[PDB]
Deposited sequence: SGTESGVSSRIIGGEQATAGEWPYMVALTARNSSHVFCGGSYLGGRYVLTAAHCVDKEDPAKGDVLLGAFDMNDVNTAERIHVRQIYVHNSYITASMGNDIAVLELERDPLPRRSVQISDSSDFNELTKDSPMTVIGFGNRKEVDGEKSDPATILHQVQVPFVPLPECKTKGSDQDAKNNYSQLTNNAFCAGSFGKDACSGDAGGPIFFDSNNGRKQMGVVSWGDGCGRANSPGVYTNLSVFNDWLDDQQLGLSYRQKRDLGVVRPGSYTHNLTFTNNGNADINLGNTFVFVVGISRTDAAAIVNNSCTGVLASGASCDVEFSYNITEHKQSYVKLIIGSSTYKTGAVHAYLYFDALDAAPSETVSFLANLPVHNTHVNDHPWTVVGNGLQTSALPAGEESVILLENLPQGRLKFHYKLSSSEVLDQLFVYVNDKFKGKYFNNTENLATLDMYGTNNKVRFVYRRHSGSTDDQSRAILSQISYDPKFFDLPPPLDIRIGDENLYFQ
């Protein structure tokens, strides 16, 4: 019961696209001014200039009728880790003012409480994550305690059972990820949620609970403009500086108090400090300031330099900023030679490196509680094939494989077999992480990869 929508019914629909391209990757909504609301999982750590917005998206074969605007910055909730854990919310600051256009009204707690079991709600979208023309479909509200019991296998049941009140559920296509869900509150139409995760039976949609983010949402729209998340990718351990510019694109003063900067982790040798800060006090409409910091990365890990600046003007009390990094050393020549039959851009390793032993790449001797890491950075789409062999008396000594930061395989101690990973996607990263567990008592715990190949086709 998905009906095509009529132009004009939802002028605040937004579609997200790669810059100047006409292919929708996520949905969204217009909050007014220069701001669009979407899901964090749609945009987290992306370069904003890579993206466009189509306001009033309707027909994707006539995108002239929508207004294309470049994105200037992305703001993601400071608690967001993944869609299942919640806080799946983000705001995009557009480069310029849109043509006058109606904006969505955001739900507040009192509106949310009107919701009861089977209250109909409306979802709109093109069905991304399909339809060239916008559809709308009605769905029933499902209370969190019931939603939490959904699923028939570990993966879903675990995802559903871990839900919190930063999210809510409605009974199940049509919406895009990041897209809006509405309820007619008698106080009028309100956007209640954002499509976050989840024709399967008993698998309701999960949506970000916007009634619990009104303060964060208002803060983001005050107009402070800066690059909140920058991913540096792979970095060598060493000493660096970085500069961040803040601009007030709002109409009112924004007060900025004290400042913290630090590398996230437990290392005592990692460090960060302010080297220059012109943003203290009161930043004024149209004005800019800068924060420069030094940072020292010594532990090989995937972390981020965090900056926090307090603000009395902000209801949530502070401004967050991030510089993500994956600290690893370059694979030496022997290893690059070993992998030369792959079309890989770059190979990297941690401090307990995989190195060539005989016909195989093998984990370095590693202490309990540590891991041996190798990263294959920038492979084209296709399949990676390999043989693996793990040997440890400890059952929690295991090999974990990620493709583009998504977990894709686990391999158990004392087992050997051929495996294949599909790398969909234009540009791919494959990370091998052998974890010797905290309690592992086998000092010989190891893994070996051999027969490693790239196949550009996906069968046979």
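Gaps in the coordinates relative to the deposited sequence fall at 1 to 12, 142 to 150, 194 to 198, 225 to 227, 490 to 506.
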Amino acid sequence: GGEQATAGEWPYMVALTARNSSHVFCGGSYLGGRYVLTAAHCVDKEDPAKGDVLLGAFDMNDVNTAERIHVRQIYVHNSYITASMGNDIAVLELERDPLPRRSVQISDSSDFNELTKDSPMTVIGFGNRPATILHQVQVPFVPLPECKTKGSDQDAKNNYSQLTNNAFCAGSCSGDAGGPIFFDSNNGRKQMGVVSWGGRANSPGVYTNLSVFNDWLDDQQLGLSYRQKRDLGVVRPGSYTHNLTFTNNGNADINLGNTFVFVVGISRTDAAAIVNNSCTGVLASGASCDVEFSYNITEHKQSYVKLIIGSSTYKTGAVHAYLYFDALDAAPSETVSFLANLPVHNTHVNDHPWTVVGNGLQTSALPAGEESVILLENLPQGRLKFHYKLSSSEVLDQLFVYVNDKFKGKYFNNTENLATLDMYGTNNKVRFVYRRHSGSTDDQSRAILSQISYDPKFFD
From here on, numbers count along this sequence of modelled residues.
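The PDB entry reports B-factors from which the mean C-alpha value can be compared for 325 to 333 and 135 to 143; the larger average falls on 135 to 143. Checked against the record, the higher mean CA B factor of 249 to 257 and 344 to 352 lies with 249 to 257. Among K408, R435, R34, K45, the highest C-alpha B-factor recorded in the PDB entry belongs to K408. The PDB entry assigns its highest CA temperature factor, among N243, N296, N87, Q381, to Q381. Sort the chain's modelled residues by C-alpha temperature factor and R230 lands in the lowest third, per the entry. Sort the modelled residues of the chain by CA B factor and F386 lands in the middle third.
In the PDB entry, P120 places in the highest third of its chain by CA B-factor. Among the modelled residues of its chain, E371 has a C-alpha B-factor that falls in the lowest third according to the deposited record. In the PDB entry, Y314 places in the middle third of its chain by CA B-factor.
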